[PDB]
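Q: Quick note on numbering: my numbering labels position 258 of the sequence shown as 980, and the sequence is numbered without any gaps.
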Amino acid sequence: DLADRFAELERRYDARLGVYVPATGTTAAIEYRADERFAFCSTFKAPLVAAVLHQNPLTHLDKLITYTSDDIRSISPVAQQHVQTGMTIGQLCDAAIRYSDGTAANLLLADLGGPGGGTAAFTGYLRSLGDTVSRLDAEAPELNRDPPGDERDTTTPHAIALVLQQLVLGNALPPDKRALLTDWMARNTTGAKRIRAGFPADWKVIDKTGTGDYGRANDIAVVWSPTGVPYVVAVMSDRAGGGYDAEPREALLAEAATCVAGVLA
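(1) Evaluate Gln806 with the Cβ neighbour count: other Cβ atoms within 10 Å of its Cβ, from every protein chain shown; 16 or more gives buried, anything less gives exposed.
(2) With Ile752 as the anchor, note down where its beta strand (DSSP E) starts and where it stops.
(3) When DSSP labels each residue in this structure, what does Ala939 get in the three-state scheme?
(4) If you draw a straight line from the C-alpha of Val771 to the C-alpha of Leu830, how long is it?
(5) Between the region 841-852 and the region 802-816, do three or more beta carbon pairs fall short of 8 Å?
(6) Ends of the alpha helix (DSSP H) at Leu986?
(7) Cα separation between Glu977 and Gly740?
(8) Leaving out the 5 sequence neighbours to the left and right, which residues in its chain are closer than 7 Å to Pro922 when beta-carbon positions are compared?
(9) Rounded to a whole number of angstroms, what is the C-alpha to C-alpha distance between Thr790 and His804?
(10) Please go through the region 769-844 and give each complete alpha helix (DSSP H) segment of 4 or more residues, from N-terminal end onward.
(11) In terms of alpha-carbon separation, which member of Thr810, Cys763, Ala761 lies closest to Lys785?
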């Protein structure tokens with residue numbers, strides 16, 4: 723019956739929906755179009771910040787990064803502010819997660835190194851976590867504007883949820899680094915209308931969102947029941963039939979999150 727309700731939301735919203743919640747000791751995995759590819763958009767910024775944390779000393783966070791006004795290619799609510807000053811790797815991390823800053827991300831990719839301005843190193847980091855599916859080929863803003871049916875810059879709800887699970891709930895990062903990432907997602911400012919809206923207020927929610935053309939809207943979160951039981955929730959959608967200028971349906975992600983909550987409840 724769960725499939726039928728996702729299928730209905732699909733039709734109600736003229737959208738394609740993809741959902742995944744990893745299995746636990748007491749609940750089966752939830753999955754709808756869990757293995758079909760969807761555009762990363764900005765949801766990569768989260769495992770990116772963990773790439774940066776993994777490969778470096780804590781100390782590295784204090785390193786100041788200098789950029790110019792022409793480095794600003796995409797929505798950068800924070801970067802443009804500190805161009806005169808620049809930002810530490812820490813302030814870049816913070817903004818790539820909490821505000822989805824396109825430049826902050828573009829910088830951190832570069833701080834990873836190698837071909838494709840960081841993106842080879844980043845897909846390298848996903849590989850190191852067992853994810854053989856996902857791939858980041860381009861950097862902001864080109865990665866939110868791939869044609870529907872294009873492999874590049876995509877992931878699955880399945881693949882991103884297992885990744886996110888290792889980062890926050892698992893052992894991918896040492897505890898010190900673990901709480902940095904987690905704390906940054908808990909104070910994310912871009913997701914109030916998505917998964918977080920679809921879950922009762924007494925469930926704790928951390929997340930990182932993604933938005934793109936063709937009516938792309940994503941949200942990936944780690945939720946805690948009132949009793950403290952964690953689950954990983956990955957919700958992705960596009961609306962290809964509305965074309966490039968199609969509008970993202972936030973209410974789709976919020977509703978699908980409510981269906982998910984009722985089943986976990």
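From the three backbone atoms N, C-alpha and C, an ideal C-beta is built for every residue, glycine too.
A: Once the coordinates are examined:
(1) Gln806 is exposed by the Cβ-count criterion.
(2) Counting along the chain, the unbroken beta strand (DSSP E) around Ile752 starts and ends at 752-754.
(3) In the structure shown, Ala939 sits in a strand (DSSP, three-state: E or B).
(4) Answer to the nearest angstrom: the Cα atoms are 7 Å apart.
(5) The answer is no - the region 802-816 does not touch the region 841-852, with fewer than three Cβ pairs under 8 Å.
(6) Unbroken alpha helix (DSSP H) run through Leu986: 972-986.
(7) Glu977 and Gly740 have their alpha carbons spaced roughly 13 Å apart.
(8) Cβ neighbours of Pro922 within its own chain (closer than 7 Å, five residues either side excluded): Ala983.
(9) Distance between the alpha carbons of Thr790 and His804 is about 10 Å.
(10) The qualifying runs are 811-820, 824-834.
(11) Closest option to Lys785, Cα to Cα, is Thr810.
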